[PDB]
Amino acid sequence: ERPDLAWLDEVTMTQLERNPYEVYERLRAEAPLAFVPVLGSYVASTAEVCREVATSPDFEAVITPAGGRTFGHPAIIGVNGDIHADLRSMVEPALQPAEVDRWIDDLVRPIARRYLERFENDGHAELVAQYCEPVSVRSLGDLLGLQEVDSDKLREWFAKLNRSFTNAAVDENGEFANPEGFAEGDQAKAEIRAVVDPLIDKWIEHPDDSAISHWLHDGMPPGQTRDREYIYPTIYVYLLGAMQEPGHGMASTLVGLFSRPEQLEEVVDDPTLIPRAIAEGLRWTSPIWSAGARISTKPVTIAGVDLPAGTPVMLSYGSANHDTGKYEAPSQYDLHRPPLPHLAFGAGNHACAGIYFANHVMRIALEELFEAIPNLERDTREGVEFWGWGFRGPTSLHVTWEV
């Protein structure tokens, strides 16, 4: 509807999935808050606007249309008030820093070693499928109580939920343009139910130290549990983003380091720099790139746009993390970038609950990788492609090393 942005009418969903950075560079300059027709929503592209919307008292949580179609209610990312307070209290115990420090090393390090031992003497590997994704899902899967669900299956589930959650394209009338793209999300949920319903049956009668068992029991009156239908949407939140994003983050960090071979050498030589390398990695390609949204609760003015009450705004944190008002040459990976705040974990009341855990998973995984393969190099015979608008990461990461 905005005349000078008529070019946005020609932006396609495929373009945003393959490479959103050119469109979003224009948005950050022309319209930090803009309606994108193919997404059917206002989008916030700059750090100032994302931060304001995510922390404003005049906005509250909502799920995107395709996200809500995929997860239903009450997904922790999309609720407010008393329900959100309860779901936050439910997930937070195992994520508390002092608790994570008690067991994170004994959890992740043996998992990383197990997967590394399968290929560390081959001289070649595709690290997304052989290392980054397995370590991410096996670590969280064991924490949750899903020890008997294979990492192949956890990876398949987050991939299907990813595509369903981000099936956001809409047509002229604002209707989903690809309604059949939700079917594999529905099929993944059906499989998850078949596996998890018996585990919940068991945990209700025999609680244990698994996180989902504690979700059922913690804070409840004696003999009561949270109803499974009340917690399943937050289980899906985990089985998508919590399973996927640490693997995305460590892979993007590696791609970034490979693009700066001098900096990769530094980090291999001095592993205490791995946390700094990961933080730049998350800024450089944010795993949660534009998955979330807020909705206005009152009429509000943002970036010169007068929004009525009830207006959704998508939070494109991955674009915000390339805001040239903050960073110099943000499209380049730079380990020695001055440490600044970033928005890869969001902001406000709905900011990431698992930051401390996620950073440790990524750190320990990179530590063990660089120890087992110090002469790791990227297979330049292959190129690295990134995919995703809602969630973004490399689709593969071929490497080689002298055995």
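Heads up: residue numbers just count along the shown sequence, starting at 1.
The mean C-alpha temperature factor is higher for 300-308 when 300-308 and 135-143 are set side by side. Higher mean CA temperature factor, per the PDB entry, when comparing 80-88 with 172-180: 172-180. In this structure the maximum Cα B-factor among 270, 227, 191, 245 is found at 270. Of the residues listed, 324, 213, 164, 286, the entry assigns the biggest Cα temperature factor to 324. The PDB entry assigns residue 329 a C-alpha temperature factor belonging to the highest third of its chain's modelled residues. Sorting the modelled residues of the chain by their CA temperature factor places residue 217 in the middle third. Residue 10: CA B factor in the middle third of modelled residues in this chain (values from the PDB entry).
Annotation for residue 29: C-alpha temperature factor in the highest third relative to the rest of the modelled chain, per the entry. For residue 151, the recorded CA temperature factor ranks within the middle third of the chain's modelled residues.
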